[PDB]
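Protein chains in written order, with the authors' numbering: chain B, 6 to 171, 178 to 522; chain A, 6 to 172, 178 to 522. Take a look at the structure below.
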Ligand SMILES: Cc1ncc(COP(=O)(O)O)c(C/N=C/c2cc(O)cc(-c3ccccn3)n2)c1O
Ligand SMILES: Cc1ncc(COP(=O)(O)O)c(C/N=C/c2cc(O)cc(-c3ccccn3)n2)c1O
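Laid out in structure tokens, this is it:
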């Protein structure tokens with residue numbers, strides 16, 4: 006009953022899952038906690054800051070570079086002065102993308118402090134684009150109404166009355188009123204089912220997970236969550252959302268009131284590999300449908316590489332690997348080197364509105380320190396002729412083969428292996444009908460994966476965290492230094508886990 | 006015409022203002038740029054990360070502590086495990102706030118990565134509170150409609166038809187549910203002050219007055235009403251305008267009426283104790299009393315934004331404590347990162363705090379080990395030696411404000427006012443849109459005046475100042491507490507020079 010000032014409920018919940026541990030040190034793929042006697046217990050980390058730690062915890066190169074930057078008196082706060090490192094970082098990211106996509110496009114960079122902030126830069130810029138489109142359409146409609154009013158009040162044409170269900180001055184004023192309502196309406200964003208794009212006031216609307224989002228629905232523009240698995244259905248859902256404004260269309264003799272398209276949709280967002288969905292990679296059929304939508308609606312396709320970028324999938328850009336051709340791109344997580352906080356929106360230069368450079372800002376964004384560490388991380392992942400990507404791919408193959416070998420002998424409790432590169436997952440089969448009460452009850456609160464993670468922690472000293480909407484997936488996203496021995500120990504631990512779960516051993520799995 | 010990949014327009018604009026410089030090193034209150042010959046020129050920094058650097062650039066204690074944390078293998082990414090430092094930081098902030106307000110309240114802490122993110126945690130939690138209130142009101146209305154439907158369809162009462170302009179028994183109920191459903195889905199409102207700056211993300215930007223920053227984005231997110239800080243008598247009625255109501259059936263034994271009940275529209279009130287976007291104006295006691303009334307009246311939380319005013323800047327830890335603003339949530343950022351890392355925190359009073367927020371809100375980088383460690387260092391430093399660091403802020407602030415007043419006094423033709431408190435201070439410039447010099451007048455008319463004048467101060471006196479306020483009509487002075495008497499003299503000399511040239515309308519000298 007002692008006063009508590011943070012984290013009571015969070016900690017209460019972690020304890021009950023068997024995840025109530027304090028890690029006191031970390032290096033590479035290992036975090037250490039203290040046992041009863043006060044010695045350090047090594048735990049293998051497969052969570053790794055939800056995929057932030059492509060180079061592991063506290064990589065000596067990154068640590069050394071950070072300490073050097075600090076000792077050089079790097080200018081961290083230099084707001085509203087020249088900061089070339091921002092242009093330098095963007096030049097690198099531009100070259101990488103050209104190399105990997107074969108496209109010779111150019112991107113402007115705006116920096117921020119988290120993946121959510123970078124996605125919301127993209128939301129904001131998208132809505133700057135949508136406002137341009139809207140200004141132009143309405144300028145055109147003014148003119149159409151000017152022209153049709155010259156035709157009607159001087160001779161040449163008559164107002165066809167069949168179209169009035171949609178007096179000259181009254182019809183125009185009615186058209187302006189209708190169009191004004193429409194213009195002030197909140198836009199729509201399009202996302203995939205299971206999408207995770209952040210949990211701030213704007214981005215949370217873009218994140219499916221229902222208990223995270225639905226409390227906050229009234230605050231900000233919504234998204235429509237398109238069904239990734241059935242792209243045939245997306246056409247019509249998006250067709251539903253079409254809205255139109257009104258104008259007067261002259262045809263020499265006849266004037267009609269007619270509907271024109273209003274730009275409702277500010278952006279489409281996609282993750283190349285869909286973390287909130289259990290690490291499912293976007294299929295070629297889904298990519299082609301997102302291209303169609305982007306071409307059809309004329310809004311930007313925003314590719315969220317907060318998790319899939321910086322080498323994780325076996326290239327720098329997961330979008331490049333899977334052939335997703337976005338207009339904006341976002342990066343965060345691994346770009347901070349496992350130690351600092353940084354993110355970036357890349358916005359194609361032929362779409363980029365220059366006002367954004369001067370009307371958007373952030374105190375911490377583009378700071379010297381995280382700029383310097385960015386350039387380090389980019390140097391590291393690019394080094395030795397792109398060998399680091401090769402290494403991610405061969406480590407990933409190894410880890411996925413293990414995981415497949417485990418599914419194969421445990422398909423009664425494991426449905427699928429998902430993902431690519433070193434961004435992988437096991438889908439757990441539903442256990443809401445489980446024989447063991449305690450397991451069944453946990454399945455029914457959506458806590459299953461956390462319980463199973465607890466088992467792995469206490470019995471095998473392996474740190475795994477669940478992914479997906481009801482912790483129905485187990486995440487495996489270690490650093491590229493994950494050893495063959497560490498992968499064996501993980502196989503042994505999972506064979507153990509899923510054998511106990513086959514045996515419905517509730518006493519052993521739930522505390 | 007070479008390819009450019011960031012910042013072209015930004016840099017183009019800074020150059021034309023005379024602020025096109027790259028600082029290559031920083032220490033204390035000094036940043037250094039390289040001249041033509043490649044030597045380091047010291048420049049005195051009065052901007053200091055817009056008030057992030059209460060202890061100056063790269064303070065050796067903070068740098069050392071950071072390097073130690075890095076060398077110890079501090080766990081930066083430990084998501085969904087026990088992280089006591091968060092509770093530890095919040096305990097310290099709680100004790101400080103008790104000491105300074107005399108109130109024995111307790112606050113839960115949720116961390117984030119920027120001031121905007123911390124304000125948006127508060128926006129989210131406020132809207133959780135509003136949804137509780139809404140659920141309760143609508144449960145009550147269900148029951149009232151149940152009761153009035155028992156009265157009408159069995160005997161006792163009749164539906165008074167004088168009240169039907171607000172909308178058959180079943181039809182009136184279905185009409186009431188429809189009306190109430192529209193209302194329930196409506197976006198909430200936020201209340202802010204004129205000139206408010208609360209961040210520039212999708213949610214927070216609505217809460218930031220500056221019109222070119224915000225109005226492009228109006229359709230995205232819930233809006234605010236910007237209340238006139240200077241005339242609190244006017245706020246009552248603006249907020250009255252925003253009242254909205256739902257419908258119910260009220261039984262009075264014999265008679266049933268359709269009646270309006272209050273709907274909770276307002277999710278939160280936000281306030282800065284010292285209002286940066288307004289030119290560093292401190293909230294008056296009359297305005298504080300009006301914000302209390304609103305908070306008591308509406309039953310939504312008052313969110314006190316100490317992203318800038320907190321961590322000692324005003325001469326206490328909490329500016330709110332100094333000026334008697336009794337908020338329900340508090341936010342901190344800027345100086346808590348020690349000038350080197352990124353961190354922020356929302357403190358939400360524990361008797362309002364909804365426990366779901368602890369498990370439905372999260373962030374990858376939030377609550378990381380490194381910025382946690384550096385937070386505890388900063389808090390140790392500002393608290394050290396029996397609260398002497400606050401004393402030092404106050405005496406350095408008095409010194410700097412006295413200089414600035416002395417300068418206004420002999421230059422009241424171009425300076426209207428000194429504003430602010432502690433080491434968060436500003437000069438208000440007089441309008442120059444009627445200036446004799448064409449070049450000055452034109453700059454005044456794009457709202458660039460303060461930036462031009464900052465450029466003068468940079469190139470002619472080697473002093474870094476940045477403007478505040480809606481059309482760069484204020485000059486900010488927010489240095490570290492180590493600002494020396496000599497550095498203050500050099501600033502007086504530089505400003506006397508600046509405002510004498512501006513008196514002389516010397517456009518050639520001020521504008522490039
Ligand atoms: C694809 C993608 N896009 C934007 C973001 C948002 O970035 P920030 O967190 O830096 O704002 C994330 C960050 N991912 C966070 C994450 C990923 C995950 O697999 C689980 C949880 C989690 C699960 C339960 C409770 C709290 N957090 N969080 C992301 O994965
Ligand atoms: C009171 C208050 N609340 C929340 C915030 C937002 O915090 P973050 O910037 O960390 O998101 C700030 C950050 N203030 C930044 C600032 C303060 C200022 O006086 C001028 C400019 C500025 C002016 C021009 C262009 C870009 N930035 N920026 C603040 O001052």
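For each residue, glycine too, the CB sits at the ideal point set by N, CA and C.
Residue-level contact to chain B via CB, residue i, 8 Å cutoff
i: residue 450 (chain A); result: no
i: residue 127 (chain A); result: no
i: residue 12 (chain A); result: yes
i: residue 60 (chain A); result: no
i: residue 25 (chain A); result: yes
i: residue 429 (chain A); result: no
i: residue 36 (chain A); result: yes
i: residue 68 (chain A); result: yes
i: residue 329 (chain A); result: no
i: residue 196 (chain A); result: yes
Proximal chain A residues relative to residue i, where beta-carbon distance stays under 9 Å
i: residue 337 (chain B); result: Ordered by position in chain A, no residue passes the 9 Å Cβ test against residue 337 (chain B), which lies about 17 Å from the chain.
i: residue 210 (chain B); result: 129, 370, 371, 372 and 373
i: residue 247 (chain B); result: Residues of chain A passing the Cβ test: none, with the nearest at roughly 24 Å.
i: residue 119 (chain B); result: 117, 118, 119, 122, 352, 373, 374, 375 and 376
i: residue 263 (chain B); result: Chain A residues near residue 263 (chain B): none, gap ~37 Å exceeds 9 Å.
i: residue 303 (chain B); result: Result: empty, since nearest Cβ-Cβ is about 25 Å, beyond 9 Å.
Beta-carbon neighbours of residue i, restricted to chain A and to distances below 7 Å
i: residue 114 (chain B); result: 10 and 11
i: residue 28 (chain B); result: 80, 83 and 86
i: residue 141 (chain B); result: Chain A residues near residue 141 (chain B): none, gap ~15 Å exceeds 7 Å.
i: residue 96 (chain B); result: 10
For residue i, the first and last residue of its enclosing alpha helix (DSSP H)
i: residue 504 (chain A); result: 495 to 513
i: residue 260 (chain B); result: Residue 260 (chain B) -> not in any alpha helix (DSSP H); beta strand (DSSP E) instead, spanning 254 to 262.
i: residue 400 (chain A); result: 379 to 419
i: residue 184 (chain A); result: 179 to 195
Endpoints, beta strand (DSSP E) assigned at residue i
i: residue 270 (chain A); result: 265 to 273
i: residue 105 (chain A); result: Where residue 105 (chain A) is concerned, there is no enclosing beta strand (DSSP E), although the alpha helix (DSSP H) it sits in stretches over 89 to 106.
i: residue 50 (chain A); result: 45 to 50
Beta carbon proximity, residue i to chain A, threshold 8 Å
i: residue 103 (chain B); result: no
i: residue 352 (chain B); result: yes
i: residue 168 (chain B); result: no
i: residue 99 (chain B); result: yes
i: residue 388 (chain B); result: no
i: residue 132 (chain B); result: yes
i: residue 91 (chain B); result: yes
Neighbour list for residue i in chain B, Cβ cutoff strictly below 8 Å
i: residue 310 (chain A); result: Those do not exist, as residue 310 (chain A) stays about 14 Å from chain B at its closest Cβ, beyond 8 Å.
i: residue 199 (chain A); result: The premise fails here: residue 199 (chain A) is roughly 11 Å from chain B at the closest Cβ pair, so nothing lies under 8 Å.
Beta-carbon neighbours of residue i, restricted to chain B and to distances below 9 Å
i: residue 222 (chain A); result: 366, 369 and 370
i: residue 344 (chain A); result: 374 and 375
Within chain B, the residues that residue i reaches when beta carbons sit closer than 7 Å
i: residue 136 (chain A); result: 226
i: residue 55 (chain A); result: 84 and 374
i: residue 252 (chain A); result: The contacting residues do not exist; residue 252 (chain A) stays about 15 Å from chain B at best.
i: residue 184 (chain A); result: The premise fails here: residue 184 (chain A) is roughly 23 Å from chain B at the closest Cβ pair, so nothing lies under 7 Å.
According to DSSP, residues forming a beta bridge with residue i
i: residue 33 (chain B); result: B:62
i: residue 128 (chain A); result: Looking at the DSSP assignment, residue 128 (chain A) forms no beta bridge with any residue, so it has no partner.
i: residue 438 (chain A); result: A:427 and A:484
### Query
Would you call the segment 319 to 333 of chain A and the segment 348 to 357 of chain A touching, i.e. three or more CB-CB distances under 8 Å?
no
### Query
Is the segment 76 to 94 of chain B touching the segment 373 to 388 of chain B, taking contact as three or more C-beta pairs under 8 Å?
yes
### Query
So, do the segment 339 to 354 of chain A and the segment 381 to 399 of chain A have three or more beta carbon pairs nearer to each other than 8 Å?
yes
### Task
Would you check if the segment 417 to 437 of chain B and the segment 122 to 139 of chain B touch, i.e. whether three or more CB-CB distances between them fall below 8 Å?
Touching, no.
### Query
For the segment 385 to 397 of chain A against the segment 60 to 74 of chain A, are there 3 or more C-beta pairs whose distance is under 8 Å?
yes
### Task
Give a yes or no on contact between the segment 195 to 210 of chain B and the segment 234 to 247 of chain B, applying the rule of three or more CB pairs nearer than 8 Å.
yes
#### Entry: At least 3 beta-carbon pairs within less than 8 Å: the segment 36 to 56 of chain A vs the segment 334 to 350 of chain A
yes
### Task
Assess, as a yes-or-no matter, whether the segment 254 to 270 of chain A is touched by the segment 438 to 450 of chain A under the definition of 3 or more beta carbon pairs within less than 8 Å.
no
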